[PDB]
Structure formats: C-alpha cells, structure tokens
Amino acid sequence: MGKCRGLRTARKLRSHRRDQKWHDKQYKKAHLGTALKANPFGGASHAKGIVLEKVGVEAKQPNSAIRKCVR
Amino acid sequence: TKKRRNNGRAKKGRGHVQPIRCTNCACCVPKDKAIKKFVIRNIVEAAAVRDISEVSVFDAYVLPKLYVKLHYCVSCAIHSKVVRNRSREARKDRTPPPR
Amino acid sequence: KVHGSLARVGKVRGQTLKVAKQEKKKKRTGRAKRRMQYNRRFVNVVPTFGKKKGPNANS
Amino acid sequence: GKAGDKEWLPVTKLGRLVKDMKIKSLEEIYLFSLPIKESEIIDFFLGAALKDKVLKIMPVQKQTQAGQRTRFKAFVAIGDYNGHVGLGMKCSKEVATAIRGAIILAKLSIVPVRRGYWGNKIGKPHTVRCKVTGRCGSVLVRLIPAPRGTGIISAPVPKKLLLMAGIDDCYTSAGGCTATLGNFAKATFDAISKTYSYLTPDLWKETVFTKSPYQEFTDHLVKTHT
Amino acid sequence: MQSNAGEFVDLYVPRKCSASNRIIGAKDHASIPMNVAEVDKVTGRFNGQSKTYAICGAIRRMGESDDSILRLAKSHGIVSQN
Amino acid sequence: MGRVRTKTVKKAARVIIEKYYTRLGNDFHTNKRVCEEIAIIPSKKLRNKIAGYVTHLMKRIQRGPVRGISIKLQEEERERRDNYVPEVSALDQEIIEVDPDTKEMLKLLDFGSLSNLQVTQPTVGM
Amino acid sequence: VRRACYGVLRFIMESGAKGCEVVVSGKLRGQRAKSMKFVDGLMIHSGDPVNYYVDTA
Amino acid sequence: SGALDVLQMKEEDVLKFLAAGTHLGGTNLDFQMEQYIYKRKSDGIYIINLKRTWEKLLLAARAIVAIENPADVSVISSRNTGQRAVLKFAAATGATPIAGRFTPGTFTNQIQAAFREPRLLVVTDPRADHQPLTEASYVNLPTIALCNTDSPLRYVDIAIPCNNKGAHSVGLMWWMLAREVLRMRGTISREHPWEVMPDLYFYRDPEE
Amino acid sequence: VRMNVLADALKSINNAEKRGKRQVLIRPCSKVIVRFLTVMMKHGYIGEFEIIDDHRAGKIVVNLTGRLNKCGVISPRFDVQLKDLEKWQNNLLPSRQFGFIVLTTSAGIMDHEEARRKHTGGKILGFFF
RNA sequence: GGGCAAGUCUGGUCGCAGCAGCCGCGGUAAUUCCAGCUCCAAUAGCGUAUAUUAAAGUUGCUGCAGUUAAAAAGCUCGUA
RNA sequence: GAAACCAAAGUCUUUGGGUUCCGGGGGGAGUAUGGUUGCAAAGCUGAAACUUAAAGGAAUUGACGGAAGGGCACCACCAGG
RNA sequence: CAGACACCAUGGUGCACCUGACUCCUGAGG
C-alpha cells in the first residue's frame, strides 16, 4: 500500500500521484510530444507522401522471404 | 533466496568482525563465518610412540599433546572433507559429527 | 536486413486462374435470409439425427 | 451398442443406510458433516439432472529417463441446477480415461452451496445472501450478489460454475493471473462453498445437535458387523 | 436461513457450537459431536437420553477441545465428584 | 553368494507350515513327498526349494515361535502360560514415605501417610 | 481408432481372457510415426511359458 | 452419574493409583493440561489430581455406553506394555482390539486388506498412536485419549491426565475403564467395583 | 503511540474471536469505545463488557461472542450527508438486509438506520455485521 | 490454424509469392498462402488507420506492490 | 505467501492506526545533457531515439558435473596369457 | 583422524500433438 491518509493530506496525495504518473512509458512518450517528433503518426492519422524509391528487403530471420517495402 | 539461514555461521548481534586466515591456504575469511577446528594430538602420535615407549628409561611421564587451533577457509574445508555436502533438510541442524 | 533487390512478384497468381459457378439461386437478401437460417437449422427436420458436427465440417 | 450397469458395495455404515433408505438425501449427510466415499450415494439420491462439463483437457508432462513422457490432465465440474456442485481433477494416460476418472471424483466431492437474495425475500432465491471470495495461487475471484434480470456478469469459466450453483444473477471481479484457468475455476469453487461458512443473523438461531446416525442406527447396521 | 416472516429458503440448517460460538459448515472434516450417556443416578445403570456437545474443526486443530467439553458438561450437569 | 530364495518359495512355506504342522517332519526327503500330497507345484526345483525351507522353518519352530511366523497352537500355549501376577496390587504399601505433594493428595482424600521433607543438593537427580 | 480398439478389446476380454493387449502402429497425422498400447488384464513376456500361454496375430 | 458413593472414589482406587506410579508426570509446562494438575513436586514433576482423573475416566466410559454394540469402539495401543491390556479389555467389554502395529489405513482406504468401522477411538498415547489420531480427523471420528503433560492435545476430545507410558500405568487405566463401563452397562452392575484384579491386565512381565 | 483507539479495540476482539478466546484487555478506554461497545452489544454481535477503573486511563474487559463476522474501522473518518451512505452500504456490506454502519451524529452515536430516520449525518466511525 | 464465431475443404504453389496487431504458418501429401467452393458474423452497411476511453487493482482516493519477481535512503539527530 | 520461507513477511476484498521513502516490462543507462560538490580520483541529480514478447522469480522433473557418500561387470581394471 | 592431493581450450539443427456410444453379431432352433 503505503500512502498518507490523515485529515489534511489531500495536497500530498494529489501531488504524489501526479509525480509518479510520468514514470510509465506509454504515458511519458505521448505527454512529452515525443510521438509526434519522432514518428509521423500520433498527431496525424493518415499522411500522403511521394515515393522516393522501391526497396527489396531480404527479411531478417526468423521467416525466410523477401518482404519488399517502399521508401 | 537464502540457501543457508546463518550464512555458514552467523554474525548477528555483532556489527563487524576481524578476519582470520587459513592455516594451509592462507586466504582472508571472517572468523565466525568460517570453519574453526581444534586439533589435539599426541607429540609422538600413533607412529613414533611404539618404539619411544619401549626404549624410554628413567621415565614415568604420560605423553605431551600438541594443541593447535586451526582455522580453515570454506573452499579448503569442503575440499579436504572437514565439512562436506549434505541434505538441505540436514542443513537446518546445528548438530555436527561427534569427535 | 536492408538489401535492395526485388526478385519475384505475383508468382503464385501467375498460375492460378479464377472461374465462376454462377447461380441456380440468388444469395438471399436481409430479413428472409436471417429467418431462413433459423428454420434450416431447427424447424425442418427437427434435429434428432447426428451430433458433434459443423455446418462445413468434414469431421 | 453399449449399456451401463451399477453395483453397490458398502464398506461403511453410510452406504448401507442410503440403500436401505434411512437416509433419503445428501442434505442430512452434509448437516452431520460426514464424508461421502461412495459415488453410488450421489447416484441414488440424484443420478438425473447432473450435467458434467469438461472445463479443460489440457496435457502436462514430466521428463522420463529416456526421452519425454506426456499425460492428460482433465478438469471436470458437475452439478445440478438446484444448488449442489462438485469439481474433480484427474490425470491419466489418455484423454478419455482422464475425463472418466474426473467425473467420478467430481460426484464424490459434491457440496451444498447456500442460495440467498440481493435484498429480496419473496419469490425464491436468485443469487447469494453474502459476498464471498476465494483465492487460488494469487487469483482471487469475488462474487457479489446482483438483483434480478441482471444475469451472470462473469468470464465463461466462472459463469458456468455459477449457473450450476443456482446463482442466476451475479457481479464478479477477478484479479491476478488471467492466463490460468484451472486456478480460476478452483478459486470460484472456493468462493461458492464459503456462503454456508458465513454466519448471518438469520442463521444465528441455535440447535441442540445431532445424536449421530451411527449411534442411533447401531442395532440396524449389525448385518455381520457394526 | 429464513426469508420474509419465516419462509424457509434453505437447503438445511447447520449445527452450531457453544465452545467458540461458530457454526459447523458444510461437509467439513473433524466435525462430530459427542454423545455422553446419562445415568439415572441413585440405583445406577444407564438410562438414555444423550447429552450431546458439538465439536468443530476449528477448536480441535487449535487443541482446545479437552478443556471445553468439561466446561460444557459441568455447567449443565451432571457427573459425580462435582 | 548366488541363488538366494525368492518370495514365491517363502509364501508357500508359511502356508504349508501353519496348516500341516503335525504332518511335517524335519527331513528333506519325506517333506518333499508331503509337498506332492498337499499341493500342486509345477516344477521339482520349486518343490525342492519349498520343502527345503519348510524343514529349516520346522527346526526353528520347535524351539517355540520364531520371527515372522507363528502357528495357532503355539499362540494358544503362550496365552495360557501368561496368567502372570506381579502385584496384588497394593502390596500393601500403606503408610510409607511419599513426595510432599503426593502427601497432600492422600491427605485430601482422607488418608495421608509418612512423607519426605527437605531439599539438599538440587538439581534433583543430579 | 480409439473406438475400434476399445470395442474389440472389451469384447475379447469379456469372452474370457486372463488379459489382452492391442497395439496399433504406423503413421498418423502426416509425417510422424506413433504407437499406442491399449492393454487390459495380465500379460507376460517371461521365458518359455509366454509361447504356450499367449496367442498372437 | 450413577449410584454415587464409590463414584466419588474410595481408598481402593487411591491405593491402586499410587502402586501403579500414575501420579508422577512430565516436567514440561502446560497450557491445556494445567487445570488438571494438583500440585507440583519440588524441582519439577507434576502430581496429577486423582479427582480429575476420575471424572474424565467416567465421562469417557459413559460415551462408550449408549451404544448397544461395544464392538464399534476401537481400543488402540501400539505400546508393548498395553498390548496385553487392550486384549483383556476386548474380552471383557467387547471392544474390537488393536494391539501392536495399527497398519496405516483401516478408517481410510476403500481398497485395503482390512477395514474397521468404529464410532469412538480410545488411545493410550496419541504420540505413539499418532497415525490413528491423524487418520481419524480425516474421516470425522472423535478420539478420547490418555494424555500426559507432553502429549499432543490437537484432535483429542476429552483427555485423561495420567503418566500413561510404560509400567503398570497403562494396564491399570484399562482395568479401571473396563470396570467403569461394565458398571453402567455390563454385568458387574449397580455401580460397584470389579471382582477381577488389575494384574490380569498390566504387561506380560518377563516369565520365570 | 496510539493515534486511533477504535482500530486497536476492533482488531483485539476479532483476534480473540479467531482463537475462541472469550476475553480481551482493551485500553486506553475512551467515551467513544464505551458507546461503540453498547450499540454492538445491543444487537447481539458481542457479549457483555465490564469497565475496570484506574487512574491511568481505564481498561475494559470485553466478553465476546462469535456472532460477529468483522467489525471494520473507517479511519480516517469521512463525512456522510445521507447520499454517500448508500454508496458505502452497497460497497462495503454484503447485503442491505443486515449489518449496520455506525456513525457519530450531533444527535448521538447511532446506527445508520436511526440516522436515516433523523436525517442527521456526521462522521463515519466504522461498521459491523 | 489459435485468441475468434466458421473448411480433419478442392485445385495451385512449396520458407517462393504471400500470410502475420500478437502467437505463428509456408522448406511438397499447406485445415493459416494464392484462387475456386462451401460456411460463418454483422447486414445498407461493413472493413482499415489513428487519437482518446473502457477493460487495467498495469498509477491502485475508494483500492497496489517493495525478503527473494521492477522497488526501503549507510545510519542517526531534526525544523517545516 | 507464488513458493522457498515467515509469531511476522500475522491481525489485507471481512481491503483504511500514524508517518516517510522508492517502483510501474526488459534493454539504451547511472549513459547523454545542464547544474552541483571535490585539490584530484571521483560523488550527487538524471534523458531520448531505437530495440524487443519476453526479461525475471520459485518450485518440479530430467540430463549433465575435473561436487560429496556408494555399488556392480575380464564389452572395466587387477594378476597375467 | 595422524604419509604424499599437477596442466586440459573449443564446438550445430526441425516433425514429442488432442473426443464418448461392449457384436465373431449368433444366421439348426431362434
């Protein structure tokens, strides 16, 4: 358990929960805006681009195939 | 998890101890986390004594003993079978082999 | 890994061709089809024949 | 074709009394809190409206001296829809055998589960009178009574047990490992049985205790031995 | 366990105890009573009419039971040399 | 070393000894024939091992009952012999020294006796 | 497989047998081999009496 | 109770008790036997209260009574000193006898080479008859037992203070028990004592 | 040292009851303890108690019965305006058919059924059933 | 194919093309692919991507965990 | 309590005595970066991209040990041919 | 217990697989 629970300790609970919230990986990435900055989705849902080149990709094991991507 | 409750002999109610050395492997080990062995043995052993008792004259004296308090470190004490591996149930006993 | 060379594409589709059975009957519309499933399964032939058997099972 | 058979062999006072019909129900036995070591007793008083559900057929194994070894572990649950249920686990060499033994074990273990109400008191029990919790391996299932028409709000494996139990309305919350199914059923089994173990103020009123059926039927149950 | 004014819900009514005031549940082990015979006194020779005490799993596993039985027996009588 | 007796032999031997005690001798040759009469044994080597062990048993048995085996008649005889009376119970033992608290146990049962006093060199028995 | 084995096994035992065993060997389910033993009663493999006492096919 | 003067003890019993060495006990302190104790002998050892030994013995005896078949009380001893003891009890009262090894599983095991059906167990020490004591609480059987100040009291209902190890102590208590049950229901009758001596019980006592 | 006195008393009784023990020594002894015990006693959950008087602070010996299943403490106390009483009652009691939430109201330490009739709320002490 | 409701499908391919949120299939007798056929689910709607919410007692006020799984400051004094 | 254990690691879904500290899958990393203390060596605070459905605990059963007590065989040794 | 106690490194892979219903059916008679 391990928390304070007096008759005036509202402030302490309120701030302690806020401070610990940030630890979680799922929370942190989204709230610091990292998701937008690094990846093109987060702040968009679909996005249109121009094809740079067609790539063949000799897929990393396990599974033996040529995966085949575009850039 | 603890594989020995006392950790090879305890050091509880004592905050630190000095280290003793091994008498045949010379390596530092705590005094009460290591094997301590009294060795009382005759001066003329079971070897010499047979001719020493027959040849002696003008004598009436019971044989001296050599007293030495050996200390062995864990690795040497297991090796040369001062102590040896035992059942995990048997470990909970502080009762050792009689002398 | 990284690579760069495409090789073979549409290999399986290059030797499989589609065909059609057409219709004796239309595939049924809305309410009629929903009712038809309940009748075909239960009120027919009230079930007493067989057990442990699927609608498309070969088991 | 194939057909069943039944045979009675007593090794105990209880078996003889049941067949002679000096005991007419399991409820008497439960009250006196005496064990049941014969499947025939349950078969004789019921033996109809007993549904056996195999909860899982999952194999386990141990490694033998030369290569592998494997066996089937079966979980069977049994119960009427009148407030009696059992659970039996058996492990055997083949799937069929494991379930066959499991059924017998399930019948033997049959225990009354008390049925109560959410708040009602007319129109006959639809849930439990008290919230009951059971734990198995760090899984905890908490059964909470629910009012009529709510239905059983539970995961499939606990819902089936509750159905047999005669609890038609229940809220559940389960916390802990959700990957494990044998534990989940076992924990729910612990919970349902606990309803009798709760002392309610409607159950306070005291009784003068049994004089034991062994003592009273002593003369009757001389057949060649008491 | 009654419902309403005194309608019967219930599958059976369980035994109770008076050595710890706790019910004997539902099929439990180490749950048995203890019929002590009455003697009619004065002319001797057993006459009925059992005194029964109910012993639960709980008391027995906590090794209480010996003392308890005496308290129960003495309080309601009757045994010679009290 | 080799050819220690098996369970099959010993079981049969126990059987035979109990139920045919008076018939059985102590001589291999005659016992071997008795085993033909009182049993069907499908090999001579087996019958010989049975017969053999039964003589060895009879020899031990006729010194009274021996380990792992008993004959009903001998059990009856020991029973009757043991009627043994080692007290009659109190000796009488009246008015002798007793412990100072055992004394108050007699005293408050309307008797009393002579009693030990004083403590010297405790711990007691040491 | 199991139904067939159980029916024949049960019938042979019912006729009067000290015991019996039925083995089905070979492949099943593609490319792996399996054996199963469906046994009931008493069976020996010991010495010369096995030839006399047990009939096989 | 019964007819009543000799059920408040008598000198005859007090002499037999003292002779058989019942009175001495262990040196372990108590928390469940403590009530029974009369007084403590100097520097350890407890003097049991004969008054308490009586009442418990009678309550035990009474529980065997009100069964119309005495066979479904199993008298149990694995102690050597009490093998003869229980054998005599079984002749007298009509108990089903268990002398020497119990052999685990006779109140348990559906498939077994022996099964006994009791309703009440009487034990001579539940730290030697520990197997019956454990087995009984798996199948809902009450157990009386002869307990000293270092015997387990768990799964024992009614304890009878007594040394109950060795000598004539185990014998005498079987004699007195048999005498008591026969008084209420037997053919001694009328709550007066037996014409059989305790010496028929006791141990074998090595025969010269 | 002791920052609540209810919490110690309630535990003490329950732990006794588990054993089958029919006595406890609770202390420091306060007005609220007396009041809680009397309401509890009236409904039959515990047996009678006896207050021994000392100039230390008092000590109470409670003779308890096993008609109780749990007496919990709501520490720290919360306000109840008769529309959080309902929320508590469903949450923390096994049915609405039995058990009492015991509060302190300005019209006296009372069970919540009486509270509902008065329509006087206050601070929640604990509960039992 | 499993989670997942409905193929111990038929032809084709054979770790290739593809499938694949995740677990995993496909290296020749593929119930996962590619077509056909059949069946299932929802039905004028359904699929997909993504934010957020529920499930999640995986942020634990109600209601978390910290001997060993992630986690008691070296220890004490001590003011807010 | 998951067990190993543990009269506390008990009085926890029947969840709540007081107060404090730390954790939120595993790696990147006590690294980067700024600040701070230190003569120095060093100490404190302390990220991200990306990577990945297992990292881990405990017990169970096997296999294996140049770990400890054992036995048995001329497919092993001994004495020898 | 209370005689002697030495170097020695390296090395790869798949298929272990999952449901219940007793006849040789007797076949002169039946």
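Residues numbered from 1 in each chain as written, not as in the entry; some residues may be left out. Chains lettered and ligands numbered in written order. Part of a larger assembly, values for the part shown. Heavy atoms only, no water.

As annotated in the PDB entry, chain E carries the name 40S ribosomal protein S21 and comes from Oryctolagus cuniculus. As deposited in the PDB, this entry carries the title "m48S late-stage initiation complex, purified from rabbit reticulocytes lysates, displaying eIF2 ternary complex and eIF3 i and g subunits relocated to the intersubunit face". Here chain E is described in UniProt, under the heading Function (literature references left out), as follows: "Component of the small ribosomal subunit. The ribosome is a large ribonucleoprotein complex responsible for the synthesis of proteins in the cell." UniProt, in the comment section headed Subunit, describes chain E in these words: "Component of the 40S small ribosomal subunit." (UniProt positions renumbered as here; feature names shortened; annotations may be inferred.)

Naming follows the PDB entry, where chain A appears as ribosomal protein uS12 of Oryctolagus cuniculus.

Near RNA strand L lie 25 residues; those nearest to it are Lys-52 of chain C, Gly-1 and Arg-100 of chain D together with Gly-7 and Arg-10 of chain G. The sugar-phosphate share of atoms of RNA strand L within 4 Å of the protein amounts to 51%. One of the side-chain N or O atoms of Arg-3 of chain G is found 3.5 Å from a phosphate oxygen in RNA strand L. Here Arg-10 of chain G contributes a side-chain N or O atom positioned 3.1 Å from a base oxygen of RNA strand L. Contributing elements (two or more residues each) for the surface near RNA strand L: helix 4 (95-108) of chain D together with helix 1 (2-16) and strand 2 (32-41) of chain G. By residue number, the principal contributor to the surface near RNA strand L is helix 1 of chain G, which donates six residues. Per-class residue counts for the surface near RNA strand L are seven nonpolar, six polar and twelve charged. (Near = heavy atom within 4 Å. Polar contact = N/O pair within 3.5 Å; in protein donor to acceptor, adjacent residues only side chain to side chain. Helix = DSSP H or I, 4+ residues; strand = E, 2+ residues; numbered from the N terminus. Nonpolar A, V, L, I, M, F, W, Y, C, P; charged D, E, K, R; others polar.)

The next subject is the interface of chain I and chain D. The partner chain D presents 15 residues to the 14 residues of chain I that form the contact. A per-residue breakdown of the area chain I buries against chain D is headed by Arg-67, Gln-97 and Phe-98 of chain I, which together make up 50% of the total. The interface formed by chain I and chain D holds zero salt bridges in total. Where chain I meets chain D, there are five residue pairs in polar contact. (Contact = heavy atoms within 4.5 Å. Buried area = accessible area lost by both parts, 1.4 Å probe. Salt bridge = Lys/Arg side-chain N within 4 Å of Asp/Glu carboxyl O.)

Looking now at the state of the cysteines. Going through the model one piece at a time under the given rule, you end up with one disulfide over all chains. Between the sulfur atoms of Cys-25 of chain B and its disulfide mate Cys-76 of chain B the distance is 2.0 Å. Looking along the S-S bond of the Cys-25 of chain B-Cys-76 of chain B disulfide, the torsion reads about -125 degrees, which is the left-handed sense. Here the residue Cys-25 of chain B occupies a position in the loop between strand 1 (19-20) and strand 2 (29-30), and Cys-76 of chain B occupies one in helix 2 (residues 74-79), the gap between them amounting to 51 residues. Residue classification places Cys-76 of chain B among the buried positions, given a relative accessible area of 16%. Not engaged in a disulfide, the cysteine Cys-28 of chain B finds its nearest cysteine sulfur in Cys-27 of chain B; these two sulfurs lie 7.4 Å apart. Considering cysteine sulfurs only, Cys-162 of chain H is the nearest to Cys-147 of chain H, which forms no disulfide, with 10 Å between them. For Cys-147 of chain H, a relative accessible area of 0% translates into the label buried. (Disulfide = S-S within 2.5 Å. Buried < 20%, exposed > 50% of the residue type's maximum accessible area, 1.4 Å probe, protein only.)

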